[PDB]
């Protein structure tokens, strides 16, 4: 019964205790304010930041590590575009990504089981809803 809450607990703690704790990671903590970076949204069409990922986790957006990791990757790809691949901002984004992968590997077996159990439950609840409607 608590599989989504347990899955989201793991990912949120990766974000707050690992990824946010990367030194000098503040540029990625919150969405960019165009009063501080005026051309940002002229260049980045698909913005992402760690606060937005935490809100997504709190609403149980992610049911797999792949979908979480798509947003984490978007932070790195956006830094490569906006700042260049050799900018210090990109080097800090790349550390955020690597600490996320290394921390996730600490929970590999447990997250593999949670993703299967969350899928099994969603499939069962879908079939129930379909049968209740036809009847």
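Numbering follows the first chain given and starts at 1. Superpose the two forms; the largest set of C-alphas matching within 1.5 Å is the rigid core.
For 83 to 91 versus 31 to 39, the mean Cα distance to the shown form in 9 other deposited structures of this protein after rigid core alignment is larger for 31 to 39. Superposition on the core shows that, in 9 other deposited structures of this protein, the C-alpha atoms drift more in one of 69 to 77 and 99 to 107; this is 99 to 107.
Here the stretch with the larger average CA B-factor, out of 55 to 63 and 25 to 33, is 55 to 63. Among all modelled residues in this chain, the alpha-carbon of residue 20 has a temperature factor (C-alpha) in the middle third.
Annotation for residue 102: CA B-factor lies in the middle third of the chain's modelled residues. Among all modelled residues in its chain, residue 50 ranks in the lowest third by Cα B-factor. Compared with the other modelled residues of the chain, the Cα B-factor recorded for residue 39 ranks in the middle third. Annotation for residue 95: C-alpha temperature factor in the middle third relative to the rest of the modelled chain, per the entry.
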